Asker: 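Could you have a look at this structure, given as structure tokens, before my questions?
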Amino acid sequence: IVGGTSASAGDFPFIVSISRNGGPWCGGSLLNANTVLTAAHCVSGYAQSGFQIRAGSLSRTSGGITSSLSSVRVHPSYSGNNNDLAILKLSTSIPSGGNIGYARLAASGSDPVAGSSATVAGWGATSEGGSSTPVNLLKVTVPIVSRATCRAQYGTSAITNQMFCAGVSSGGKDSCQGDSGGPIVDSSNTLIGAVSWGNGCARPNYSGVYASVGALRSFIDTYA
């Protein structure tokens with residue numbers, strides 16, 4: 001997260017960190033006791049044994065509850081940057097309570113409204129290209145950018161109906177490498193998307209691009 005601030009305990013009861021080969025890798029969201037939502041590109045085709053999830057902590061390295069993966073299901077139409085969502089099943093069930101809870105999902109068919117505020121969180125880099133990553137969770141609030149404006153930035157065919165965009169025109173606030181898969185929520189703390197891709201991090205006139213929960217709810221509902 002670039003331009004962010006520290007998350008507080010209980011800000012995102014459902015957020016999980018996803019480590020790979022013992023290092024930072026991605027974020028995700030706990031949907032229920034044995035299911036995590038993340039970006040497909042975080043997991044597709046990689047050895048599943050390399051991943052560990054941690055829930056219930058602001059830290060990616062300590063605290064909370066951990067689990068390995070039992071299975072991975074990528075959206076059947078995942079291709080390039082499109083339809084960048086996956087469902088992870090956990091070997092260890094994670095009960096709600098305390099600072100752990102399950103995400104509330106955006107309604108099927110919903111699309112975030114341009115100009116509305118959204119909050120993204122993660123353990124990713126704090127600068128484009130940064131090698132260090134914070135131990136504790138960061139968050140940033142950014143407005144939703146219309147799909148038309150986002151297409152002006154990236155190209156008409158690059159931004160599909162299963163993506164939405166968010167960021168500030170002058171840059172400075174964004175998700176970045178290592179934030180992929182983690183949550184973007186609306187102002188009510190409803191899960192509207194997962195961090196997916198963008199052109200660098202926090203650059204002027206290049207919005208962050210997010211996989212849309214609203215658009216992809218049919219897939220989520222099938223396998224959750």
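Just so it is clear, the values below take in all heavy atoms, side chains as well, and ignore hydrogens, waters and symmetry mates. Residues take their numbers from the sequence shown, with the count starting at 1.
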Asker: Not counting sequence neighbours, list each pair that qualifies as a disulfide (SG to SG under 2.5 Å) and has a residue in residues 175-224.
Answerer: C176-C201

Asker: Would you call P95 and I65 a side-chain contact if the rule is heavy atoms closer than 4.5 Å?
Answerer: yes

Asker: With side chains defined as the heavy atoms from C-beta onward, is the minimum distance between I144 and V113 less than 4.5 Å?
Answerer: no

Asker: Return the CG to CD1 distance between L137 and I15, rounded to the nearest 0.5 Å.
Answerer: 4.5 Å

Asker: Any side-chain heavy atom of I18 within less than 4.5 Å of one from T38?
Answerer: yes

Asker: Can you find a side-chain donor-acceptor pair between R60 and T133 that sits under 3.5 Å?
Answerer: yes

Asker: Taking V185 as the starting point, is it possible to reach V195 by hopping between hydrophobic residues whose side chains are less than 4.5 Å apart?
Answerer: no

Asker: Could you give all pairs that pass the ring-ring contact (aromatic ring centres under 6.0 Å, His included) test and reach residues 132-157, with sequence neighbours left out?
Answerer: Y154-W197, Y154-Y206

Asker: What verdict does the side chain to side chain contact (heavy atoms under 4.5 Å, CB included) test give for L90 and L30, after you've listed the backbone C-alpha separation in whole Å, the side-chain angles of each residue and the deciding distance to 0.1 Å?
Answerer: CA-CA 10 Å; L90 302 185; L30 198 60; 4.1 Å; yes

Asker: When you group the ILVMFWY residues by side-chain heavy-atom contacts below 4.5 Å and let the links chain together, are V209 and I192 in the same group?
Answerer: no

Asker: Using only heavy-atom distances, determine whether the side chains of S59 and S57 contain a donor-acceptor pair under 3.5 Å.
Answerer: no

Asker: Only counting residues at least two apart or in another chain, list the ones meeting ring pair (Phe, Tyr, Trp, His ring centres under 6.0 Å) with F14.
Answerer: none

Asker: State the CD1-CZ distance between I159 and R147, to the nearest 0.5 angstrom.
Answerer: 8.5 Å

Asker: My understanding is that only residues two or more places apart in sequence, or in another chain, count here; which of them pass side chain to side chain contact (heavy atoms under 4.5 Å, CB included) with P134?
Answerer: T126, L138

Asker: Under 4.5 Å between side-chain heavy atoms, counting indirect links through other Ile/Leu/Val/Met/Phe/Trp/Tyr residues: same cluster for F12 and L58 or not?
Answerer: yes

Asker: Which pairs pass disulfide (SG to SG under 2.5 Å) with one or both residues in residues 124-167, sequence neighbours excluded?
Answerer: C150-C165

Asker: Test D179 against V120 for side chain to side chain contact (heavy atoms under 4.5 Å, CB included), laying out the working first.
Answerer: CA-CA 9 Å; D179 291 321; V120 59; 5.7 Å; no

Asker: According to the side-chain hydrogen bond (donor to acceptor under 3.5 Å, both in side chains) rule, which pairs have a member within residues 207-216, sequence neighbours left out?
Answerer: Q153-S207, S175-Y210

Asker: Between atom CD1 of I94 and atom CG of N34, what is the distance when rounded to the nearest 0.5 Å?
Answerer: 9.0 Å

Asker: Strictly by modelled atom types, are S67 and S91 linked by a side-chain donor-acceptor pair under 3.5 Å?
Answerer: no

Asker: Is any side-chain heavy atom of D174 closer than 4.5 Å to a side-chain heavy atom of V140?
Answerer: no

Asker: When rounded to the nearest 0.5 angstrom, what distance separates OG in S68 from NZ in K89?
Answerer: 14.5 Å

Asker: Go through the structure and list residues passing side chain to side chain contact (heavy atoms under 4.5 Å, CB included) with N82, not counting sequence neighbours.
Answerer: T160, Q162, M163

Asker: Linking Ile, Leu, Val, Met, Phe, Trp and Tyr by side-chain heavy atoms under 4.5 Å, what else ends up with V2?
Answerer: none

Asker: Can you list the steps and then say if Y223 with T35 is a side chain to side chain contact (heavy atoms under 4.5 Å, CB included)?
Answerer: CA-CA 9 Å; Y223 293 107; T35 308; over 6 Å; no

Asker: Do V72 and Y46 come within less than 4.5 Å of each other through their side chains, counting heavy atoms only?
Answerer: no

Asker: Keeping to residues at least two apart or across chains, list the ring-ring contact (aromatic ring centres under 6.0 Å, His included) pairs with something in residues 78-127.
Answerer: none

Asker: Using every non-hydrogen atom in the two residues, find where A106 and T190 come nearest and quote the distance to one decimal.
Answerer: N-CG2, 3.6 Å

Asker: State, yes or no, whether a side-chain contact exists between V36 and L69 at a heavy-atom distance under 4.5 Å.
Answerer: no

Asker: Do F164 and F219 land in one hydrophobic cluster if side-chain heavy atoms of ILVMFWY residues count as linked below 4.5 Å?
Answerer: no

Asker: Should we count NZ of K139 as having more than 12 external heavy atoms under 6.0 Å?
Answerer: yes

Asker: Would a hydrophobic clustering, with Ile, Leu, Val, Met, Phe, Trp and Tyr connected at side-chain separations under 4.5 Å, put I87 with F51?
Answerer: yes

Asker: Looking at every heavy atom in both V145 and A114, which two are closest together, and how far apart are they?
Answerer: C-CB, 4.4 Å

Asker: List in chain and number order the residues that pass side chain to side chain contact (heavy atoms under 4.5 Å, CB included) with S77, two or more places apart in sequence or in another chain; answer none if no residue qualifies.
Answerer: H75, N83

Asker: What is the distance from atom CZ of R217 to atom CG of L191, rounded to the nearest 0.5 Å?
Answerer: 10.0 Å

Asker: Which residues pass the side chain to side chain contact (heavy atoms under 4.5 Å, CB included) test with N21, not counting sequence neighbours?
Answerer: none

Asker: Among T141, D11, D186, exactly one meets side-chain hydrogen bond (donor to acceptor under 3.5 Å, both in side chains) together with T119. Which residue is that?
Answerer: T141

Asker: Atom CH2 of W25 and atom CD1 of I53: how far apart are they, to the nearest 0.5 Å?
Answerer: 13.0 Å

Asker: How far apart are the closest heavy atoms of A125 and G130, and which atoms are they?
Answerer: CB-O, 3.9 Å

Asker: Identify, with sequence neighbours excluded, every residue that meets side-chain hydrogen bond (donor to acceptor under 3.5 Å, both in side chains) alongside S146.
Answerer: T149

